[PDB]
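Structure file start_37.txt (compact mmCIF, N, CA and C atoms) is printed below.
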```txt
# COMPACT_ATOMS: atom_id res chain seq x y z
N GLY A 1 -30.14 15.97 -33.22
CA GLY A 1 -29.91 16.34 -31.83
C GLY A 1 -29.66 17.82 -31.66
N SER A 2 -29.07 18.19 -30.53
CA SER A 2 -28.78 19.59 -30.24
C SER A 2 -27.37 19.75 -29.69
N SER A 3 -26.95 21.00 -29.51
CA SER A 3 -25.61 21.29 -29.00
C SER A 3 -25.58 22.65 -28.30
N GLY A 4 -24.44 22.98 -27.70
CA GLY A 4 -24.31 24.25 -27.01
C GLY A 4 -23.18 25.09 -27.57
N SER A 5 -22.57 25.91 -26.71
CA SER A 5 -21.48 26.78 -27.13
C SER A 5 -20.74 27.34 -25.91
N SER A 6 -19.42 27.46 -26.03
CA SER A 6 -18.60 27.98 -24.95
C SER A 6 -17.29 28.54 -25.48
N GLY A 7 -16.62 29.35 -24.66
CA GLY A 7 -15.36 29.94 -25.07
C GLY A 7 -14.16 29.11 -24.64
N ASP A 8 -13.04 29.78 -24.40
CA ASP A 8 -11.82 29.09 -23.99
C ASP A 8 -10.94 30.01 -23.15
N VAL A 9 -10.49 29.51 -22.00
CA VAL A 9 -9.64 30.28 -21.10
C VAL A 9 -8.17 30.12 -21.46
N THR A 10 -7.39 31.16 -21.21
CA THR A 10 -5.96 31.13 -21.50
C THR A 10 -5.13 31.28 -20.23
N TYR A 11 -3.98 30.62 -20.19
CA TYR A 11 -3.10 30.68 -19.03
C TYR A 11 -1.64 30.81 -19.46
N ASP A 12 -0.79 31.18 -18.52
CA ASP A 12 0.64 31.34 -18.79
C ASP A 12 1.48 30.85 -17.62
N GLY A 13 2.40 29.93 -17.90
CA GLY A 13 3.25 29.39 -16.86
C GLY A 13 4.68 29.20 -17.33
N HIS A 14 5.54 28.74 -16.42
CA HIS A 14 6.94 28.51 -16.75
C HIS A 14 7.41 27.16 -16.21
N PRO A 15 8.29 26.49 -16.97
CA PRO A 15 8.84 25.19 -16.59
C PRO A 15 9.78 25.28 -15.40
N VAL A 16 9.98 24.15 -14.72
CA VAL A 16 10.86 24.10 -13.56
C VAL A 16 12.25 24.65 -13.90
N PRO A 17 12.88 25.30 -12.92
CA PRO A 17 14.22 25.88 -13.09
C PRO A 17 15.30 24.82 -13.21
N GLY A 18 14.89 23.55 -13.17
CA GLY A 18 15.84 22.46 -13.28
C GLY A 18 15.98 21.96 -14.70
N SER A 19 15.03 21.14 -15.14
CA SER A 19 15.05 20.58 -16.48
C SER A 19 13.77 20.92 -17.24
N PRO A 20 13.71 22.15 -17.79
CA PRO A 20 12.55 22.62 -18.54
C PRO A 20 12.40 21.91 -19.88
N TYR A 21 13.39 21.09 -20.23
CA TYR A 21 13.36 20.35 -21.48
C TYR A 21 12.66 19.00 -21.31
N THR A 22 11.91 18.87 -20.22
CA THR A 22 11.19 17.64 -19.93
C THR A 22 9.72 17.91 -19.65
N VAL A 23 8.88 16.91 -19.87
CA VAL A 23 7.45 17.04 -19.64
C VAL A 23 7.10 16.78 -18.18
N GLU A 24 8.11 16.82 -17.32
CA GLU A 24 7.91 16.58 -15.89
C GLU A 24 6.86 15.50 -15.66
N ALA A 25 6.75 14.58 -16.62
CA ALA A 25 5.79 13.49 -16.52
C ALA A 25 6.48 12.18 -16.17
N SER A 26 7.70 12.27 -15.65
CA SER A 26 8.47 11.09 -15.28
C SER A 26 8.64 11.01 -13.77
N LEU A 27 7.56 10.67 -13.07
CA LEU A 27 7.58 10.55 -11.62
C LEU A 27 6.57 9.51 -11.14
N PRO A 28 6.94 8.78 -10.08
CA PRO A 28 6.08 7.75 -9.49
C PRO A 28 4.87 8.33 -8.79
N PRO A 29 3.74 7.61 -8.85
CA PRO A 29 2.48 8.04 -8.23
C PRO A 29 2.55 7.98 -6.70
N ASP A 30 2.76 9.14 -6.08
CA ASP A 30 2.84 9.22 -4.63
C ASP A 30 1.55 9.79 -4.04
N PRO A 31 0.65 8.90 -3.60
CA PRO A 31 -0.63 9.29 -3.01
C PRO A 31 -0.47 9.94 -1.64
N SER A 32 0.47 9.43 -0.85
CA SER A 32 0.72 9.96 0.48
C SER A 32 0.88 11.48 0.44
N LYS A 33 1.29 11.99 -0.72
CA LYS A 33 1.48 13.42 -0.90
C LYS A 33 0.19 14.09 -1.35
N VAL A 34 -0.68 13.32 -2.00
CA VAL A 34 -1.96 13.84 -2.48
C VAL A 34 -2.78 14.42 -1.34
N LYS A 35 -2.94 15.74 -1.34
CA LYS A 35 -3.71 16.42 -0.30
C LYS A 35 -5.05 16.89 -0.84
N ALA A 36 -6.08 16.82 -0.01
CA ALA A 36 -7.42 17.24 -0.40
C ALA A 36 -8.01 18.22 0.61
N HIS A 37 -8.13 19.48 0.20
CA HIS A 37 -8.68 20.51 1.07
C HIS A 37 -9.65 21.41 0.30
N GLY A 38 -10.76 21.76 0.94
CA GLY A 38 -11.74 22.61 0.30
C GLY A 38 -13.09 22.56 0.99
N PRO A 39 -14.04 23.38 0.52
CA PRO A 39 -15.39 23.44 1.08
C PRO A 39 -16.20 22.18 0.79
N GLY A 40 -16.03 21.64 -0.42
CA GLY A 40 -16.75 20.44 -0.80
C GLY A 40 -16.47 19.28 0.12
N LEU A 41 -15.37 19.36 0.86
CA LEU A 41 -14.99 18.30 1.79
C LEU A 41 -15.76 18.42 3.10
N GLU A 42 -15.72 19.61 3.69
CA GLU A 42 -16.42 19.86 4.95
C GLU A 42 -17.93 19.72 4.77
N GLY A 43 -18.41 20.04 3.57
CA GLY A 43 -19.83 19.95 3.29
C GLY A 43 -20.30 21.01 2.31
N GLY A 44 -21.61 21.16 2.19
CA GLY A 44 -22.16 22.14 1.28
C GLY A 44 -23.66 22.29 1.42
N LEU A 45 -24.35 22.45 0.30
CA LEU A 45 -25.80 22.61 0.30
C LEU A 45 -26.45 21.70 -0.73
N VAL A 46 -27.73 21.39 -0.53
CA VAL A 46 -28.47 20.53 -1.45
C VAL A 46 -28.64 21.20 -2.80
N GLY A 47 -28.68 20.39 -3.86
CA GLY A 47 -28.85 20.92 -5.20
C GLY A 47 -27.91 22.07 -5.49
N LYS A 48 -26.82 22.14 -4.73
CA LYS A 48 -25.83 23.20 -4.91
C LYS A 48 -24.47 22.62 -5.27
N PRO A 49 -23.68 23.38 -6.05
CA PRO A 49 -22.35 22.96 -6.48
C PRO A 49 -21.35 22.94 -5.32
N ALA A 50 -20.60 21.85 -5.21
CA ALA A 50 -19.60 21.72 -4.15
C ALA A 50 -18.33 21.07 -4.68
N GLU A 51 -17.22 21.79 -4.57
CA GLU A 51 -15.93 21.28 -5.04
C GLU A 51 -14.82 21.61 -4.05
N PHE A 52 -13.62 21.11 -4.32
CA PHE A 52 -12.47 21.36 -3.45
C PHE A 52 -11.18 21.39 -4.26
N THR A 53 -10.07 21.64 -3.57
CA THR A 53 -8.77 21.70 -4.22
C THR A 53 -7.93 20.46 -3.91
N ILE A 54 -7.44 19.81 -4.96
CA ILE A 54 -6.63 18.61 -4.79
C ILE A 54 -5.19 18.85 -5.25
N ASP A 55 -4.24 18.50 -4.40
CA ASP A 55 -2.83 18.67 -4.72
C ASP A 55 -2.24 17.40 -5.31
N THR A 56 -1.76 17.49 -6.55
CA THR A 56 -1.18 16.35 -7.24
C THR A 56 0.26 16.64 -7.66
N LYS A 57 0.56 17.91 -7.87
CA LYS A 57 1.90 18.32 -8.28
C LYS A 57 2.97 17.57 -7.49
N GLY A 58 2.80 17.52 -6.18
CA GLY A 58 3.76 16.82 -5.33
C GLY A 58 3.39 15.36 -5.12
N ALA A 59 2.77 14.76 -6.13
CA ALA A 59 2.37 13.36 -6.05
C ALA A 59 2.98 12.55 -7.18
N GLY A 60 2.74 12.99 -8.42
CA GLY A 60 3.28 12.29 -9.57
C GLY A 60 2.32 12.29 -10.74
N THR A 61 2.28 11.18 -11.47
CA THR A 61 1.40 11.05 -12.63
C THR A 61 0.70 9.70 -12.65
N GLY A 62 -0.58 9.70 -13.02
CA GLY A 62 -1.34 8.46 -13.08
C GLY A 62 -2.83 8.71 -13.21
N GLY A 63 -3.59 8.27 -12.22
CA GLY A 63 -5.03 8.45 -12.25
C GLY A 63 -5.64 8.46 -10.86
N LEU A 64 -6.78 9.13 -10.73
CA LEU A 64 -7.47 9.21 -9.45
C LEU A 64 -8.93 8.79 -9.58
N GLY A 65 -9.38 7.91 -8.69
CA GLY A 65 -10.75 7.44 -8.72
C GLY A 65 -11.61 8.07 -7.65
N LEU A 66 -12.52 8.94 -8.06
CA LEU A 66 -13.41 9.62 -7.12
C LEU A 66 -14.82 9.05 -7.20
N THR A 67 -15.34 8.61 -6.06
CA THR A 67 -16.69 8.05 -6.00
C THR A 67 -17.43 8.54 -4.77
N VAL A 68 -18.67 8.99 -4.97
CA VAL A 68 -19.49 9.48 -3.87
C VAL A 68 -20.30 8.35 -3.24
N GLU A 69 -19.82 7.86 -2.10
CA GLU A 69 -20.49 6.78 -1.39
C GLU A 69 -21.57 7.32 -0.46
N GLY A 70 -22.62 7.90 -1.06
CA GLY A 70 -23.70 8.46 -0.27
C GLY A 70 -24.98 7.65 -0.40
N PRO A 71 -26.03 8.08 0.33
CA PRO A 71 -27.33 7.41 0.31
C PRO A 71 -28.05 7.58 -1.02
N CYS A 72 -27.65 8.60 -1.78
CA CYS A 72 -28.26 8.88 -3.07
C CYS A 72 -27.22 8.82 -4.19
N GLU A 73 -27.66 9.13 -5.41
CA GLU A 73 -26.76 9.11 -6.56
C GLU A 73 -26.45 10.52 -7.04
N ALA A 74 -25.42 11.13 -6.45
CA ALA A 74 -25.02 12.48 -6.81
C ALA A 74 -24.02 12.47 -7.96
N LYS A 75 -24.17 13.42 -8.88
CA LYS A 75 -23.28 13.52 -10.03
C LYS A 75 -21.91 14.04 -9.61
N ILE A 76 -20.88 13.63 -10.35
CA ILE A 76 -19.52 14.05 -10.05
C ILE A 76 -18.83 14.59 -11.31
N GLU A 77 -18.54 15.88 -11.31
CA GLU A 77 -17.88 16.52 -12.44
C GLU A 77 -16.40 16.76 -12.15
N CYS A 78 -15.54 15.91 -12.70
CA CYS A 78 -14.10 16.03 -12.49
C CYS A 78 -13.42 16.57 -13.74
N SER A 79 -12.80 17.74 -13.62
CA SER A 79 -12.11 18.36 -14.75
C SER A 79 -10.77 18.93 -14.31
N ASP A 80 -9.79 18.88 -15.21
CA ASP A 80 -8.46 19.40 -14.92
C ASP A 80 -8.44 20.92 -14.96
N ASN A 81 -7.55 21.52 -14.17
CA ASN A 81 -7.44 22.97 -14.11
C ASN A 81 -6.30 23.47 -15.00
N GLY A 82 -5.18 22.75 -14.97
CA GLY A 82 -4.04 23.12 -15.77
C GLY A 82 -2.85 23.54 -14.93
N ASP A 83 -3.12 24.01 -13.72
CA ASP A 83 -2.06 24.44 -12.81
C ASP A 83 -1.58 23.28 -11.94
N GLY A 84 -1.90 22.06 -12.37
CA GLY A 84 -1.49 20.88 -11.62
C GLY A 84 -2.48 20.53 -10.52
N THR A 85 -3.72 20.97 -10.67
CA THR A 85 -4.76 20.70 -9.69
C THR A 85 -6.00 20.12 -10.34
N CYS A 86 -6.91 19.61 -9.52
CA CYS A 86 -8.15 19.02 -10.02
C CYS A 86 -9.36 19.74 -9.45
N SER A 87 -10.27 20.15 -10.34
CA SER A 87 -11.48 20.86 -9.93
C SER A 87 -12.70 19.95 -10.03
N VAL A 88 -12.92 19.15 -9.00
CA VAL A 88 -14.06 18.24 -8.97
C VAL A 88 -15.24 18.85 -8.24
N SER A 89 -16.39 18.89 -8.90
CA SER A 89 -17.60 19.46 -8.32
C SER A 89 -18.74 18.44 -8.33
N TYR A 90 -19.41 18.30 -7.19
CA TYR A 90 -20.52 17.36 -7.07
C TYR A 90 -21.81 18.09 -6.70
N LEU A 91 -22.94 17.50 -7.06
CA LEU A 91 -24.24 18.09 -6.76
C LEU A 91 -25.15 17.08 -6.07
N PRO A 92 -25.32 17.23 -4.75
CA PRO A 92 -26.16 16.35 -3.95
C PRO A 92 -27.65 16.53 -4.25
N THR A 93 -28.47 15.67 -3.66
CA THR A 93 -29.91 15.73 -3.87
C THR A 93 -30.65 15.90 -2.55
N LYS A 94 -30.07 15.38 -1.48
CA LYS A 94 -30.67 15.48 -0.15
C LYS A 94 -29.60 15.68 0.92
N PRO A 95 -29.96 16.42 1.98
CA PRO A 95 -29.04 16.70 3.09
C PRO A 95 -28.75 15.46 3.93
N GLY A 96 -27.56 14.90 3.76
CA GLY A 96 -27.18 13.72 4.51
C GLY A 96 -25.69 13.63 4.73
N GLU A 97 -25.07 12.57 4.22
CA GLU A 97 -23.64 12.37 4.37
C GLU A 97 -23.03 11.76 3.11
N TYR A 98 -22.00 12.41 2.58
CA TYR A 98 -21.34 11.93 1.37
C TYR A 98 -19.86 11.65 1.64
N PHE A 99 -19.45 10.41 1.39
CA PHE A 99 -18.06 10.02 1.60
C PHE A 99 -17.29 10.01 0.28
N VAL A 100 -16.50 11.06 0.06
CA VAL A 100 -15.71 11.18 -1.16
C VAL A 100 -14.50 10.26 -1.12
N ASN A 101 -14.58 9.14 -1.84
CA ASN A 101 -13.49 8.17 -1.88
C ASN A 101 -12.40 8.63 -2.85
N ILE A 102 -11.29 9.10 -2.30
CA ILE A 102 -10.17 9.56 -3.11
C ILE A 102 -9.02 8.56 -3.10
N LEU A 103 -8.79 7.92 -4.24
CA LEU A 103 -7.72 6.94 -4.36
C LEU A 103 -6.89 7.19 -5.61
N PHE A 104 -5.57 7.21 -5.44
CA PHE A 104 -4.66 7.44 -6.56
C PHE A 104 -4.07 6.13 -7.06
N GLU A 105 -4.44 5.73 -8.27
CA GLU A 105 -3.94 4.49 -8.86
C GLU A 105 -4.35 3.29 -8.01
N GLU A 106 -5.60 3.29 -7.56
CA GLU A 106 -6.12 2.20 -6.74
C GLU A 106 -5.52 2.24 -5.34
N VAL A 107 -5.14 3.44 -4.90
CA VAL A 107 -4.55 3.62 -3.58
C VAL A 107 -5.28 4.71 -2.80
N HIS A 108 -5.96 4.31 -1.73
CA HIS A 108 -6.70 5.25 -0.90
C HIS A 108 -5.75 6.22 -0.21
N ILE A 109 -5.94 7.51 -0.47
CA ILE A 109 -5.10 8.54 0.13
C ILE A 109 -5.35 8.66 1.63
N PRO A 110 -4.32 9.09 2.37
CA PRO A 110 -4.40 9.25 3.83
C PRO A 110 -5.31 10.41 4.23
N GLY A 111 -6.61 10.15 4.26
CA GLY A 111 -7.56 11.19 4.64
C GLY A 111 -8.94 10.94 4.06
N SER A 112 -9.03 10.02 3.10
CA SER A 112 -10.30 9.69 2.47
C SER A 112 -10.87 8.39 3.02
N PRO A 113 -12.20 8.24 2.93
CA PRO A 113 -13.07 9.26 2.34
C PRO A 113 -13.17 10.51 3.20
N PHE A 114 -13.82 11.54 2.66
CA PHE A 114 -13.99 12.79 3.39
C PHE A 114 -15.46 13.09 3.63
N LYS A 115 -15.94 12.73 4.82
CA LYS A 115 -17.33 12.95 5.19
C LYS A 115 -17.70 14.42 5.04
N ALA A 116 -18.67 14.70 4.17
CA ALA A 116 -19.12 16.07 3.94
C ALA A 116 -20.56 16.26 4.40
N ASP A 117 -20.76 17.10 5.40
CA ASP A 117 -22.09 17.37 5.93
C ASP A 117 -22.81 18.41 5.09
N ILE A 118 -23.89 18.00 4.43
CA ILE A 118 -24.66 18.90 3.59
C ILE A 118 -25.86 19.46 4.34
N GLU A 119 -26.11 20.76 4.18
CA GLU A 119 -27.23 21.42 4.84
C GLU A 119 -28.22 21.96 3.82
N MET A 120 -29.41 22.32 4.30
CA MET A 120 -30.45 22.86 3.43
C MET A 120 -30.16 24.31 3.07
N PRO A 121 -30.38 24.66 1.79
CA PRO A 121 -30.15 26.01 1.29
C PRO A 121 -31.16 27.01 1.83
N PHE A 122 -30.71 28.24 2.07
CA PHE A 122 -31.57 29.29 2.60
C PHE A 122 -32.60 29.72 1.56
N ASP A 123 -33.50 30.61 1.96
CA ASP A 123 -34.53 31.11 1.06
C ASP A 123 -34.15 32.46 0.48
N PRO A 124 -34.51 32.69 -0.79
CA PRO A 124 -34.21 33.95 -1.49
C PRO A 124 -35.02 35.12 -0.94
N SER A 125 -34.55 36.34 -1.21
CA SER A 125 -35.23 37.54 -0.75
C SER A 125 -36.45 37.84 -1.61
N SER A 126 -37.63 37.69 -1.02
CA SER A 126 -38.88 37.95 -1.73
C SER A 126 -40.02 38.18 -0.76
N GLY A 127 -40.81 39.22 -1.02
CA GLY A 127 -41.93 39.53 -0.15
C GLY A 127 -42.02 41.01 0.18
N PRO A 128 -41.03 41.51 0.93
CA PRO A 128 -40.97 42.92 1.33
C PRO A 128 -40.68 43.85 0.15
N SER A 129 -40.39 43.25 -1.00
CA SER A 129 -40.08 44.03 -2.20
C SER A 129 -41.35 44.61 -2.81
N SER A 130 -41.23 45.78 -3.42
CA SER A 130 -42.37 46.45 -4.04
C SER A 130 -42.45 46.12 -5.53
N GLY A 131 -41.32 46.26 -6.22
CA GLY A 131 -41.28 45.97 -7.64
C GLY A 131 -40.66 44.63 -7.95
```

How would this structure read if it were set down as structure tokens?
Amino acid sequence: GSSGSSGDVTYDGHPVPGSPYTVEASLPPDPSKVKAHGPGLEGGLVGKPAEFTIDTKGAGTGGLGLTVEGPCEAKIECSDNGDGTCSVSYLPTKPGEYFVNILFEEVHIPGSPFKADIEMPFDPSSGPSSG
């Protein structure tokens, strides 16, 4: 087979001023607190990357199920950021309507799905150029 190659990003943070001797992983899954805001929600462009910012810090610990209930089968890339947020990016195939189903621990958050209106991408600059 084959393979690729990539580097690694570094970050620096500090534990809560309360009990830094804990993994702050002892909290109930509060979806009502889970907020979802970003461009990927309002919409985007075809064959273009679209993601948003998800707030979990003020929610707890567990799992989130993201599914694109659209007319087509768009890929969904969900990866952790490290700052207590989720960087999910999707790539549509046709300009229509995508309902991002956001549920925490089998619990639909107050705001999902998030209808995202996708539009057609503009055309690149070519023609009037000499070289």

Practice task
Find the residues around region 32-47 of chain A up to 8 Å (only N, CA and C atoms counted), leave out those fewer than 5 positions away in its own chain, and share them as number ranges by chain.
Solution key: A: 52-60, 88-96, 98, 100, 104, 107-111, 114-122

Handout entry: Nearby residues (only N, CA and C atoms) at most 7 Å from residue 101 (chain A), same-chain spacing under 4 positions excluded, as a PyMOL selection string
Key = chain A and resi 65-69+108-109+112-114

Practice task
Find the spatial neighbours of residue 105 (chain A), counting all atoms listed in the file, within a cut-off of 6.5 Å - ignore same-chain residues fewer than 3 positions away - and output them as JSON, numbers by chain.
Solution key: {"A": [62, 63, 64, 65]}

Could you write out the selected residues, including N, CA and C atoms, as an mmCIF file, in the coordinates of the input?
```cif
data_model
loop_
_atom_site.group_PDB
_atom_site.id
_atom_site.type_symbol
_atom_site.label_atom_id
_atom_site.label_comp_id
_atom_site.auth_asym_id
_atom_site.auth_seq_id
_atom_site.Cartn_x
_atom_site.Cartn_y
_atom_site.Cartn_z
ATOM 1 N N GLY A 62 -0.580 9.700 -13.020
ATOM 2 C CA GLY A 62 -1.340 8.460 -13.080
ATOM 3 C C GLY A 62 -2.830 8.710 -13.210
ATOM 4 N N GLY A 63 -3.590 8.270 -12.220
ATOM 5 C CA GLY A 63 -5.030 8.450 -12.250
ATOM 6 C C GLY A 63 -5.640 8.460 -10.860
ATOM 7 N N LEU A 64 -6.780 9.130 -10.730
ATOM 8 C CA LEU A 64 -7.470 9.210 -9.450
ATOM 9 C C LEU A 64 -8.930 8.790 -9.580
ATOM 10 N N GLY A 65 -9.380 7.910 -8.690
ATOM 11 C CA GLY A 65 -10.750 7.440 -8.720
ATOM 12 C C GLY A 65 -11.610 8.070 -7.650
#
```

Exercise for the section: Using atom N of residue 86 (chain A) and atom N of residue 21 (chain A) as the two end points, give the distance in Å to one decimal. Expected result: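 Atom N of residue 21 (chain A) lies 23.0 Å from atom N of residue 86 (chain A).
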
Problem - Closest of A:106, A:97, A:30, A:12 to residue 71 (chain A) - atom-to-atom distances counting all atoms listed in the file - result: A:97

Exercise for the section: May I ask for the distance between CA of residue 28 (chain A) and atom C of residue 77 (chain A), given in Å to one decimal place? Expected result: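 About the pair CA of residue 28 (chain A) and atom C of residue 77 (chain A): they are 24.4 Å apart.
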
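Among A:29, A:87, A:2, A:19, the residue with the shortest atom-to-atom distance to residue 51 (chain A), counting all atoms listed in the file, is A:87.
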
Problem - DSSP strand (DSSP E or B) residues within region 31-98 of chain A, as a ChimeraX atom specification - result: /A:35-37,43-45,50-55,64-68,75-80,85-91,97-98

Exercise for the section: Record the distance separating atom N of residue 50 (chain A) and atom C of residue 75 (chain A), expressed in Å with one decimal. Expected result: 9.1 Å
